[PDB]
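Working notes, beginning with the structure itself.
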Amino acid sequence: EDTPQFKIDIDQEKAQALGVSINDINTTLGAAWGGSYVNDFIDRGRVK
Amino acid sequence: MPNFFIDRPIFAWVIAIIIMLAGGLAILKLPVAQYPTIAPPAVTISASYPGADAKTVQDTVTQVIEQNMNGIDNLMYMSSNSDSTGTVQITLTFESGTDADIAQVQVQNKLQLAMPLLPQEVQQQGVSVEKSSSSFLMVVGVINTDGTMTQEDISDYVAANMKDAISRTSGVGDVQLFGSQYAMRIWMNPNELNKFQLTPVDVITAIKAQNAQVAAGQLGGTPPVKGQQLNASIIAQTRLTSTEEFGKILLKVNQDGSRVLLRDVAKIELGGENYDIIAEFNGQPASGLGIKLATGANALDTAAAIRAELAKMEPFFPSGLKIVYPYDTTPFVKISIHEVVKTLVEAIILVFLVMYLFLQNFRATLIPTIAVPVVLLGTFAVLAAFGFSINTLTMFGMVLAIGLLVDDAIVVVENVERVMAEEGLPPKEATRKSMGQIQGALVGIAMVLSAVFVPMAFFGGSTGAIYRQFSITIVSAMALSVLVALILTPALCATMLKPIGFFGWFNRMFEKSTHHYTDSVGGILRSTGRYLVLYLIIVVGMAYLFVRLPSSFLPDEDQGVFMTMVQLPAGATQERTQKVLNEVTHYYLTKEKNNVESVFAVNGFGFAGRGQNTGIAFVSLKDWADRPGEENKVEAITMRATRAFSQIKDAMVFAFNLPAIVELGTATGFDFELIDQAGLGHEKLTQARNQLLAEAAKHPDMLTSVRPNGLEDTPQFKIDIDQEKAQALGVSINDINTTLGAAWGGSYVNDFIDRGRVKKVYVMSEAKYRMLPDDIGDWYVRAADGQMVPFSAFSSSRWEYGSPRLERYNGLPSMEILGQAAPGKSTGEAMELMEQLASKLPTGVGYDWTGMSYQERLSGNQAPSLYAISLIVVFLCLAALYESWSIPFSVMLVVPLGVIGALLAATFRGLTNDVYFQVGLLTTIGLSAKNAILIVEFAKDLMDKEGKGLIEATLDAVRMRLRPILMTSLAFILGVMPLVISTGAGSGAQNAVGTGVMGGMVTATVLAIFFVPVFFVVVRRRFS
Amino acid sequence: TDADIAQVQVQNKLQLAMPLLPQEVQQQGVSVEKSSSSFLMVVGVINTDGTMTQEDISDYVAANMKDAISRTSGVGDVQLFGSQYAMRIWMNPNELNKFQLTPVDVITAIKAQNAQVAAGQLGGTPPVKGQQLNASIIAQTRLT
Amino acid sequence: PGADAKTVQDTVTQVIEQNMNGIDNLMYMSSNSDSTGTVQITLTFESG
Amino acid sequence: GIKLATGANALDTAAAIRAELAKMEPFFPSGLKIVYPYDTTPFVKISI
Amino acid sequence: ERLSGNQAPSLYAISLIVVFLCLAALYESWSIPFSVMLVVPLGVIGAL
Amino acid sequence: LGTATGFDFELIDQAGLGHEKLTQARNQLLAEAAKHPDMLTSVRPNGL
Ligand SMILES: CCCCCCCCCCCC
Ligand SMILES: CCCCCCCCCCCC
């Protein structure tokens, strides 16, 4: 069934007024509230 | 076997009913198409690199893809062309019989491993691998008579809703669009860029950054804290939708504080993805839709369903938008099928009439009218079993086999009736003995005709697929006819037959003619020796006619539509080619009002390569009912159009008719590839091509109209960037190149979403700022600091010649030559002459044969070997039938008698030696051989069983075989007479079949009745 | 089992891992081949005049007679006993240090000045009304 | 990832389903677009 | 070194390779010649 | 299930036709298979 | 095919032991196999 959703409105002009790029804004929003797969590592001989 | 079914009529009826039910089910479940798959499977890779010339496209895409096209099974060859529009077109042709699905997926998976090597723009545009099939079914057209919306608006309307509904029709799911949907066009302006110290790179970066989808996770997502109760998704910034939203995109903020938007610096609109193609329809804008046909689908049903779906969609259309059909030959297929079925039913009716005319027995006249349809339905069932379809070739094979079916059904009943008359026996015993006399002859005939028809389905190459249809159709028809004449016809004769004033006179005159014929045959057996010389003269004349008759592939016929190609000189623009395409459509809609129904004029899509100086206008004529006379046919219209277009000299306009198969044609023509194999270069290969063309022009007796299938070098504007001067001024190379390409070639940056459909976003200079070399002075590129260095400072301009279309064959640079053999000489020695001429070229230049000359070269010698095998097997079957090694020669000497008549008929009517003529010739010689088999079998049976003398036996044999031969010949001539006299509505095939068949049958019937007796007598006396 | 379906399935699964590989691996080229372990044959090429070296012969073989052999029906794999030509740039640490340059600077300059760039057209569509000439614009080409 | 069902449907599902035509022996085709961004299209072919 | 694809025929493939080399030979530079230091097909032909 | 319900009458008709034709062919009469086909409804009502 | 007396053993690192433990196990197995010359001939590791 239909679900409520949370919407974030980002004002581009208000962001560039303060000196923050939209790219790192999107990166910090996505990486904080959602997962951010960075790269791999080796745990016990397996790539995770 | 016939004895078994005479005692069991119910079993024969059950077998006939089973055959009829199977045939009816097959007819209800057989795909229908105009032609089957003939060309070998081909897979085409298309790539787009917008803004690049032929050489950049080649070096960056074509070579990279070709060097990775290895490890693919059954590859015959590959050939690519790179166009100056930024298009890669690579066609890989495979062996015949290889399923194209596995070949296409192999090509796709082999290309997908070369994608990381391609430029980012080529990957971003996409590389499409698709099967080059000839399933082209119809061309829907959507026009705008109201004149409100442009071609782009029609194209977007077609793509948005009509395309999806059409692609879900019962039938095909593959469709193509003669246009492109909307795209957000940002037309920059160099003056505003210079005023605000901006560059197209800044615009591209701003558009990329401020129109994108970003992931944002969700609130309450796992792993959650203890006691969490709410879980909602998070929606961050989404893609832009409206033109105004793109207008608000901020490029930079000014020192004082003012805001710079795209609207201040560029014009934002909803344009087309590309403007290279402008489609028209009788002078007004239109958008097309090319519709193919799915495999195993009914063409008629598919077309009807598509038309019904378009009619259903019609009510919810905006103002205007009439659905037109500039190119559609569904009615051609339906008309041809109706003509074939009419020919079959008329043949059955004529069989009824002839049987009642000769045999005044109503019950007997009808035994063949309920037996031939059984064989026809069995043939349909066999075609369904073998996986074939209902197409022109199969139905013409059926109308060719109808004569032999009639031949069998008439012979059986005629001999049964003759036995009933002469012997005076009840129907059961009469048909029992009658079958005894002709049952071994009917089994030998089946074997001989199988031996003469089967070894033509094994021809290699593209034409082998054409011959296989006729071969399998006729051989199945003959096997089923023999089975029916052994099973059902004896039972019908046993049961139905009843024991026994114009018709009286007819009987009297036929008896007098039979007596005169017997006297003549008796006379010519005493004067034997002159007739052998006459037969030798006939053979020599047959050889002369065969070596004199011109050859072809298939008769081009009036399909109701034809094309016109316009080719302006190099460097011509689109508006210059649009004027000529207006001079052409005005002529067609003015000087041909009563014959032309519509003209579809595609601008920029030429025949020898897309561009701006090329175009094609294809013309749909009215129905064949509205075009009476030979002067209203496509052949008589195209010549008039070409004569009228000879006057316009600024372009090269040529009107022509479509071939029978779009994938084939020019049977006398040849395709030649001139390859360089030492890295010589483009210009050395061009010089070699020019030298070879001059040498070919020095041989007018053999090679006619040899031309290069390609484009000559054209001027190009070279911009040379000084690296030291650019670095001194502090301007980066990747900025100069980026601004140049984005301004003059365009740049697809990202996608947006409007009306629930993803569309592209293009940035390009406004038209007025990218038209002339001096417009280069309008563009400034920002240096390392806030400067705006002019292009002029660090660059120089030049004009130099370059190739607008570079083609490669099998991975090496090549040039294409199209040639035609001389009218009086075949295309085999023309290839030899071309090889001899190419052998005298500069070192490092080799050659190759491609397309249909590739098939000829390797698969052009199957026919003599297969015919020799056929003749050997025919000898074996005949010797087995006659229990003698010499008797089959008498049967085999009826071949020139049937060939000479077909040759004479072909020469008299001006016809050529096509596939239809060859299959009709085989049919005629098969029927004549069958008659000879029956006559010789009867004669030798009279010799053996009754101990009669040679002359007496061979005279009684022809006396009792005269009537069936005349009956079957008259029935077959009257059956195929309308095919000879037929004009329009696919009459080329009908004439090509009927003329040859009728001439051969007439001559064979006239000659065999006199030559088989003397042949048998000479064989019996010279030997033994 | 038929090797066609096996190969298409293997490539279908490998296209998932393809984005996860390093860019260098993708540039070199990942290949999926259905063939035997042992060589069907070995075709050697020599020079009787003694002018061509091992490098020249191997480059000629790879450039002119390896691609065509690879497309021969039934040939599942070709191994070149050598390597074709390439622009080898042997950079000197001492002279790089003398001019305060680094290998990354050399790579950047080569990428910049060895490009095959698309510069567009003169009078390309959509053209302004009254356009008369249409010509391609060629800016930069691969070094040769 | 990062697109809800509505913005992923017309983005990927509608453009893939429209090209899923012309395949022989196909009985029906269903699809679903989750809010996570994952999209699943199932084409069920004729038996045999 | 040529390895034949799985399921192919080892003799017609060798014939095709020799045909390709025969086509290649006329355009060789001066002194360049082709030798066959390894071939498993002639043994097959002589055995048959 | 809907497909199976739509083909049962056709299956019955084809089976009856085939049995009738086989009986007529084997017993060399039309009256014998016609009389045999009259007993089929008895078995059918028994199964029902 | 190999020889009739040949075998291709393949020692697997089922756990997350690592390369050193695996090669120690291989060396131990090779030493143990060298103690039965009457049954095992030329037991060698294929790798480097
Ligand atoms: C009666 C002679 C038959 C010999 C051929 C056997 C194969 C045909 C089967 C049909 C019933 C005899
Ligand atoms: C694909 C090859 C098919 C050829 C089949 C030959 C058998 C024909 C038998 C017909 C006898 C009535």
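Note on naming: chains are A, B, ... as they come in the structure tokens, residues start from 1 per chain, ligands start from 1 in the order shown.
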
>> If the limit is 10 Å from any atom of ligand 2, counting only C-alpha atoms and all ligand atoms, which residues qualify? Return them as a count of residues only.
In response: 13

> When the cut-off is 12 Å and you count only C-alpha atoms and all ligand atoms, which residues lie near ligand 1, shown as a list in words?
Replying inline: residues 1, 3, 4 and 5 of chain B

>> Could you tell me which residues of chain C sit within 12 Å of chain A when counting only C-alpha atoms, and give me the result as a ChimeraX atom specification?
In response: /C:20-22

>> Applying 9 Å and only C-alpha atoms, which residues near residue 46 (chain D) remain after dropping the ones on its own chain fewer than 3 positions away? List them as a count of residues only.
In response: 5

>> I need the residues of chain D that end up classed as strand (DSSP E) by DSSP on the backbone, written out as a PyMOL selection string.
In response: chain D and resi 26-33+39-45

Leaving out residue 57 (chain C) and any residue of its chain fewer than 3 positions from it, which residues lie within 10 Å of it when counting only C-alpha atoms, given as a PDB file with N, CA, C and O atoms, in the first residue's frame?
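And here is the file that came out, result.pdb:
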ATOM      1  N   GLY C  44      54.842 -20.515 -37.719  1.00  0.00           N
ATOM      2  CA  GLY C  44      55.942 -19.605 -37.491  1.00  0.00           C
ATOM      3  C   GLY C  44      56.240 -18.767 -38.720  1.00  0.00           C
ATOM      4  O   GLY C  44      55.950 -19.153 -39.842  1.00  0.00           O
ATOM      5  N   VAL C  45      56.821 -17.597 -38.486  1.00  0.00           N
ATOM      6  CA  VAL C  45      57.201 -16.674 -39.545  1.00  0.00           C
ATOM      7  C   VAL C  45      58.640 -16.251 -39.305  1.00  0.00           C
ATOM      8  O   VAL C  45      58.985 -15.811 -38.202  1.00  0.00           O
ATOM      9  N   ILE C  46      59.480 -16.391 -40.332  1.00  0.00           N
ATOM     10  CA  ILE C  46      60.886 -16.027 -40.253  1.00  0.00           C
ATOM     11  C   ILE C  46      61.212 -15.116 -41.427  1.00  0.00           C
ATOM     12  O   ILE C  46      60.406 -14.921 -42.335  1.00  0.00           O
ATOM     13  N   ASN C  47      62.415 -14.549 -41.394  1.00  0.00           N
ATOM     14  CA  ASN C  47      62.915 -13.707 -42.471  1.00  0.00           C
ATOM     15  C   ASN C  47      64.225 -14.293 -42.975  1.00  0.00           C
ATOM     16  O   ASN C  47      65.192 -14.402 -42.214  1.00  0.00           O
ATOM     17  N   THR C  51      67.059  -9.246 -42.385  1.00  0.00           N
ATOM     18  CA  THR C  51      66.914  -7.822 -42.117  1.00  0.00           C
ATOM     19  C   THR C  51      65.971  -7.560 -40.946  1.00  0.00           C
ATOM     20  O   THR C  51      66.321  -6.824 -40.017  1.00  0.00           O
ATOM     21  N   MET C  52      64.779  -8.148 -40.979  1.00  0.00           N
ATOM     22  CA  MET C  52      63.826  -7.973 -39.895  1.00  0.00           C
ATOM     23  C   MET C  52      64.312  -8.669 -38.629  1.00  0.00           C
ATOM     24  O   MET C  52      64.844  -9.781 -38.667  1.00  0.00           O
ATOM     25  N   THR C  53      64.122  -7.999 -37.498  1.00  0.00           N
ATOM     26  CA  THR C  53      64.431  -8.563 -36.197  1.00  0.00           C
ATOM     27  C   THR C  53      63.203  -9.284 -35.649  1.00  0.00           C
ATOM     28  O   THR C  53      62.160  -9.367 -36.298  1.00  0.00           O
ATOM     29  N   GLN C  54      63.333  -9.818 -34.433  1.00  0.00           N
ATOM     30  CA  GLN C  54      62.210 -10.505 -33.804  1.00  0.00           C
ATOM     31  C   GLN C  54      61.029  -9.564 -33.620  1.00  0.00           C
ATOM     32  O   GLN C  54      59.878  -9.947 -33.868  1.00  0.00           O
ATOM     33  N   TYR C  60      54.748  -7.397 -37.629  1.00  0.00           N
ATOM     34  CA  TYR C  60      54.104  -7.670 -38.907  1.00  0.00           C
ATOM     35  C   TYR C  60      53.052  -8.757 -38.762  1.00  0.00           C
ATOM     36  O   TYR C  60      51.942  -8.635 -39.288  1.00  0.00           O
ATOM     37  N   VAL C  61      53.387  -9.835 -38.050  1.00  0.00           N
ATOM     38  CA  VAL C  61      52.438 -10.928 -37.877  1.00  0.00           C
ATOM     39  C   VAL C  61      51.179 -10.428 -37.184  1.00  0.00           C
ATOM     40  O   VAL C  61      50.059 -10.639 -37.664  1.00  0.00           O
ATOM     41  N   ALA C  62      51.348  -9.714 -36.070  1.00  0.00           N
ATOM     42  CA  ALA C  62      50.195  -9.254 -35.306  1.00  0.00           C
ATOM     43  C   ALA C  62      49.349  -8.269 -36.101  1.00  0.00           C
ATOM     44  O   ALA C  62      48.116  -8.318 -36.046  1.00  0.00           O
ATOM     45  N   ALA C  63      49.989  -7.365 -36.841  1.00  0.00           N
ATOM     46  CA  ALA C  63      49.240  -6.327 -37.535  1.00  0.00           C
ATOM     47  C   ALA C  63      48.550  -6.851 -38.789  1.00  0.00           C
ATOM     48  O   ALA C  63      47.432  -6.429 -39.099  1.00  0.00           O
ATOM     49  N   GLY C  82      55.021 -13.118 -29.479  1.00  0.00           N
ATOM     50  CA  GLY C  82      55.637 -11.811 -29.612  1.00  0.00           C
ATOM     51  C   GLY C  82      54.670 -10.740 -29.139  1.00  0.00           C
ATOM     52  O   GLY C  82      53.846 -10.979 -28.257  1.00  0.00           O
ATOM     53  N   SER C  83      54.790  -9.564 -29.748  1.00  0.00           N
ATOM     54  CA  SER C  83      53.901  -8.453 -29.447  1.00  0.00           C
ATOM     55  C   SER C  83      54.051  -7.406 -30.539  1.00  0.00           C
ATOM     56  O   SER C  83      55.162  -7.154 -31.008  1.00  0.00           O
ATOM     57  N   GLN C  84      52.932  -6.806 -30.936  1.00  0.00           N
ATOM     58  CA  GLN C  84      52.964  -5.825 -32.007  1.00  0.00           C
ATOM     59  C   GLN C  84      53.596  -4.528 -31.512  1.00  0.00           C
ATOM     60  O   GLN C  84      53.882  -4.351 -30.326  1.00  0.00           O
TER      61      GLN C  84
ATOM     62  N   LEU E  32      60.441 -12.568 -46.176  1.00  0.00           N
ATOM     63  CA  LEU E  32      59.604 -13.111 -45.117  1.00  0.00           C
ATOM     64  C   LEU E  32      58.925 -14.385 -45.604  1.00  0.00           C
ATOM     65  O   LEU E  32      58.295 -14.393 -46.665  1.00  0.00           O
TER      66      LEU E  32
END

> Near chain B, which residues of chain E fall within 12 Å when you count only C-alpha atoms, and what do they look like as a VMD selection string?
Replying inline: chain E and resid 2 to 8 13 16 23 to 30

> Do you know which residues are at most 8 Å from region 20-33 of chain G counting only C-alpha atoms, after dropping those on the same chain fewer than 4 positions away, and could you put them as a list in words?
Replying inline: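 After dropping sequence-adjacent residues, the list is residues 11, 12, 13, 37, 40, 43 and 44 of chain G.
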
N, CA and C atoms of the current selection, written as a compact mmCIF listing (two decimals), in the first residue's frame:
# COMPACT_ATOMS: atom_id res chain seq x y z
N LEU G 11 44.56 -29.89 -3.37
CA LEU G 11 44.42 -29.59 -1.95
C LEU G 11 43.76 -28.23 -1.79
N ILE G 12 42.65 -28.19 -1.05
CA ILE G 12 41.82 -27.00 -0.94
C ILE G 12 41.96 -26.41 0.46
N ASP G 13 41.99 -25.08 0.54
CA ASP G 13 42.00 -24.37 1.81
C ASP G 13 40.55 -24.05 2.19
N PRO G 37 56.94 -45.15 -1.65
CA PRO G 37 57.36 -45.22 -3.06
C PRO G 37 56.79 -46.42 -3.79
N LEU G 40 52.98 -44.73 -4.80
CA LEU G 40 52.91 -43.41 -5.39
C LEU G 40 54.24 -43.09 -6.07
N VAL G 43 55.30 -37.83 -6.89
CA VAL G 43 54.28 -36.92 -6.38
C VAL G 43 54.89 -35.52 -6.33
N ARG G 44 54.42 -34.63 -7.21
CA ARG G 44 55.01 -33.31 -7.36
C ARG G 44 53.94 -32.24 -7.30

>> With only C-alpha atoms as the counted atoms, please give the residues lying no more than 8 Å from residue 10 (chain D), apart from itself and same-chain residues fewer than 5 positions off, as a ChimeraX atom specification.
In response: /B:756-758 /D:15

> If we count only C-alpha atoms, what is near region 241-249 of chain B at a cut-off of 9 Å, once residues fewer than 4 positions away on the same chain are taken out, given as a ChimeraX atom specification?
Replying inline: /A:12 /B:184,206-207,210-211,260-264,266-270,752-755

Selected residues written out, N, CA and C atoms, as a PDB file, in the first residue's frame:
ATOM      1  N   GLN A  12      19.664  25.371  -4.424  1.00  0.00           N
ATOM      2  CA  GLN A  12      21.002  25.448  -5.001  1.00  0.00           C
ATOM      3  C   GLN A  12      21.626  26.819  -4.772  1.00  0.00           C
TER       4      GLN A  12
ATOM      5  N   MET B 184      16.047  18.458 -24.739  1.00  0.00           N
ATOM      6  CA  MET B 184      16.202  19.809 -24.221  1.00  0.00           C
ATOM      7  C   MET B 184      17.416  20.445 -24.881  1.00  0.00           C
ATOM      8  N   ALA B 206      27.574  23.071 -15.138  1.00  0.00           N
ATOM      9  CA  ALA B 206      26.410  23.532 -14.392  1.00  0.00           C
ATOM     10  C   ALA B 206      25.195  22.659 -14.666  1.00  0.00           C
ATOM     11  N   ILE B 207      24.991  22.269 -15.926  1.00  0.00           N
ATOM     12  CA  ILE B 207      23.849  21.422 -16.252  1.00  0.00           C
ATOM     13  C   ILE B 207      24.007  20.045 -15.623  1.00  0.00           C
ATOM     14  N   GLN B 210      23.403  20.343 -11.654  1.00  0.00           N
ATOM     15  CA  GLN B 210      22.103  20.781 -11.164  1.00  0.00           C
ATOM     16  C   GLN B 210      20.950  20.037 -11.845  1.00  0.00           C
ATOM     17  N   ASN B 211      21.227  18.874 -12.434  1.00  0.00           N
ATOM     18  CA  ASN B 211      20.168  18.003 -12.946  1.00  0.00           C
ATOM     19  C   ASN B 211      20.663  16.566 -12.821  1.00  0.00           C
ATOM     20  N   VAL B 260      23.328  35.059 -12.709  1.00  0.00           N
ATOM     21  CA  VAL B 260      23.438  34.699 -14.118  1.00  0.00           C
ATOM     22  C   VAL B 260      22.767  33.347 -14.307  1.00  0.00           C
ATOM     23  N   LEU B 261      21.714  33.316 -15.116  1.00  0.00           N
ATOM     24  CA  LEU B 261      20.997  32.089 -15.413  1.00  0.00           C
ATOM     25  C   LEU B 261      21.266  31.672 -16.855  1.00  0.00           C
ATOM     26  N   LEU B 262      20.761  30.495 -17.226  1.00  0.00           N
ATOM     27  CA  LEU B 262      20.902  30.047 -18.608  1.00  0.00           C
ATOM     28  C   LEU B 262      20.139  30.953 -19.565  1.00  0.00           C
ATOM     29  N   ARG B 263      18.945  31.403 -19.169  1.00  0.00           N
ATOM     30  CA  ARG B 263      18.150  32.281 -20.022  1.00  0.00           C
ATOM     31  C   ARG B 263      18.908  33.537 -20.426  1.00  0.00           C
ATOM     32  N   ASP B 264      19.766  34.056 -19.551  1.00  0.00           N
ATOM     33  CA  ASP B 264      20.534  35.249 -19.882  1.00  0.00           C
ATOM     34  C   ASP B 264      21.657  34.935 -20.862  1.00  0.00           C
ATOM     35  N   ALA B 266      21.825  31.690 -22.793  1.00  0.00           N
ATOM     36  CA  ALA B 266      21.493  30.747 -23.848  1.00  0.00           C
ATOM     37  C   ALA B 266      19.983  30.646 -23.984  1.00  0.00           C
ATOM     38  N   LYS B 267      19.552  30.067 -25.098  1.00  0.00           N
ATOM     39  CA  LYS B 267      18.140  29.863 -25.393  1.00  0.00           C
ATOM     40  C   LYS B 267      17.808  28.397 -25.163  1.00  0.00           C
ATOM     41  N   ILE B 268      16.788  28.140 -24.352  1.00  0.00           N
ATOM     42  CA  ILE B 268      16.423  26.790 -23.941  1.00  0.00           C
ATOM     43  C   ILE B 268      15.097  26.440 -24.599  1.00  0.00           C
ATOM     44  N   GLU B 269      15.074  25.344 -25.355  1.00  0.00           N
ATOM     45  CA  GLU B 269      13.854  24.923 -26.031  1.00  0.00           C
ATOM     46  C   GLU B 269      13.754  23.406 -26.016  1.00  0.00           C
ATOM     47  N   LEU B 270      12.627  22.903 -26.510  1.00  0.00           N
ATOM     48  CA  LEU B 270      12.384  21.467 -26.635  1.00  0.00           C
ATOM     49  C   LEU B 270      12.506  21.108 -28.112  1.00  0.00           C
ATOM     50  N   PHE B 752      16.867  14.243 -18.758  1.00  0.00           N
ATOM     51  CA  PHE B 752      15.821  14.796 -17.915  1.00  0.00           C
ATOM     52  C   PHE B 752      14.553  13.978 -18.124  1.00  0.00           C
ATOM     53  N   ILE B 753      13.515  14.287 -17.353  1.00  0.00           N
ATOM     54  CA  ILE B 753      12.268  13.534 -17.393  1.00  0.00           C
ATOM     55  C   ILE B 753      11.121  14.508 -17.609  1.00  0.00           C
ATOM     56  N   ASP B 754      10.393  14.336 -18.707  1.00  0.00           N
ATOM     57  CA  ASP B 754       9.191  15.108 -18.979  1.00  0.00           C
ATOM     58  C   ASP B 754       8.080  14.170 -19.423  1.00  0.00           C
ATOM     59  N   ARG B 755       6.887  14.379 -18.868  1.00  0.00           N
ATOM     60  CA  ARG B 755       5.714  13.562 -19.177  1.00  0.00           C
ATOM     61  C   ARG B 755       5.997  12.080 -18.942  1.00  0.00           C
TER      62      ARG B 755
END

>> Could you go through chain D and tell me which residues DSSP, when run on the backbone, assigns to helix (DSSP H, G or I), listing them as a PyMOL selection string?
In response: chain D and resi 5-17

> Closest to chain F among D:47, D:34, D:39, D:19, using only C-alpha atoms?
Replying inline: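 For chain F, the nearest of the candidates is D:47.
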
> For chain B, which residues have at least one atom within 10 Å of chain D, if we go by only C-alpha atoms? Write them as a PyMOL selection string, please.
Replying inline: chain B and resi 163-165+167-175+213-218+233-236+238-239+292-297+752-759

> CA of residue 921 (chain B) and CA of residue 1001 (chain B) are how many Å apart?
Replying inline: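 Going from CA of residue 921 (chain B) over to CA of residue 1001 (chain B) covers 9.2 Å.
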